[PDB]
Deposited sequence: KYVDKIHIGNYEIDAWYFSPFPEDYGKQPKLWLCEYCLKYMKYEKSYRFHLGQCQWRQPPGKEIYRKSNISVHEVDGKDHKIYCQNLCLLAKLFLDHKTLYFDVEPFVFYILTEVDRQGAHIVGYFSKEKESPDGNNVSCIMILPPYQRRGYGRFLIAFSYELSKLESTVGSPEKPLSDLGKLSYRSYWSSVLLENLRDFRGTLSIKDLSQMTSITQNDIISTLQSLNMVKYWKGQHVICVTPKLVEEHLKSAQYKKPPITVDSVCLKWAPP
């Protein structure tokens, strides 16, 4: 019998997948998580006692982005091992394909929080390999269900790519992606590429966005904006065609924007 329901902050959330909490915790109906230190608990009384005790009001690590009440914390798995492990256990409840929960030293985690007078409330996160040979700038990315489809996922995708721009490289999320991950990346890629076109080779779209050329070509193939010529993909769009596309349905929700000004980060 596995964990199938978590209480965290002021939310109760049904699980989607098995997560390898210890047998003693899983066997419980509900698991109770501190929203700041991510400690998980078997009972509400221990939860209520921890609440009055916990002095954390935000994730550990360094705050490398803060505009208004949107915030990102950088947390090294080697320096916050227990915390990053609880994060992976929490993330595996809503990620089918994530497999690595306890070996967190090779990763850095980017915690997205929304802030009020009470503290910095966790919305989602993405992980990233310190050294990614396959050139993947995201390892696992997860928005908690009550926050999904509201702009945070798109914020995190954009944020992973800002880091890729500061490292002078391109990157791509590790695969496979969840159903909603597939759709979120295609929507982001469409938006950014389309926005840049109406404002260009395939290679220069790549260097302006840090989106790989494979990701660009596949997105333009879905938009049907690429000609093939003697083994070469070639962009083929009229500026009016770009606008017919960009005023469509899905591109009318005002995003949470990543403001590079407010991004206090530097590359290793």
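Positions of the deposited sequence absent from the coordinates form one stretch: 200 to 203.
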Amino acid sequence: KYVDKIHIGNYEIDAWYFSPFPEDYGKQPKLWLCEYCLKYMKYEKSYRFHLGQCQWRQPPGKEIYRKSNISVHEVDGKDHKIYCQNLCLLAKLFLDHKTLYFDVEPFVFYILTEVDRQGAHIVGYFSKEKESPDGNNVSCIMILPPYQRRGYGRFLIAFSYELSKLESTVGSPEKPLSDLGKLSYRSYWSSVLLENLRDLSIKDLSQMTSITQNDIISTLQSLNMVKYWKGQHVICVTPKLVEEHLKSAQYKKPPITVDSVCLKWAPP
From here on, numbers count along this sequence of modelled residues.
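For the segment pair 133 to 141 and 87 to 95, the entry gives 133 to 141 the higher mean B-factor, averaged over Cα atoms.
Higher average CA B factor: 205 to 213, of the stretches 30 to 38 and 205 to 213.
Each of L156, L197, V108, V123 has a CA temperature factor in the record; the biggest one is found at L197. Out of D76, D103, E114, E162, it is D103 whose C-alpha atom has the highest B-factor in the PDB entry. Per the deposited record, the Cα B-factor of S71 falls in the lowest third when ranked against the other modelled residues of its chain. Split the chain's modelled residues into thirds by C-alpha temperature factor. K240 is in the highest one. Among the modelled residues of its chain, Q148 has a C-alpha B-factor that falls in the lowest third according to the deposited record. When the CA B factors of the chain's modelled residues are split into thirds, the value for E12 lands in the lowest one. Among the modelled residues of the chain, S218 sits in the middle third by CA temperature factor in this PDB entry.
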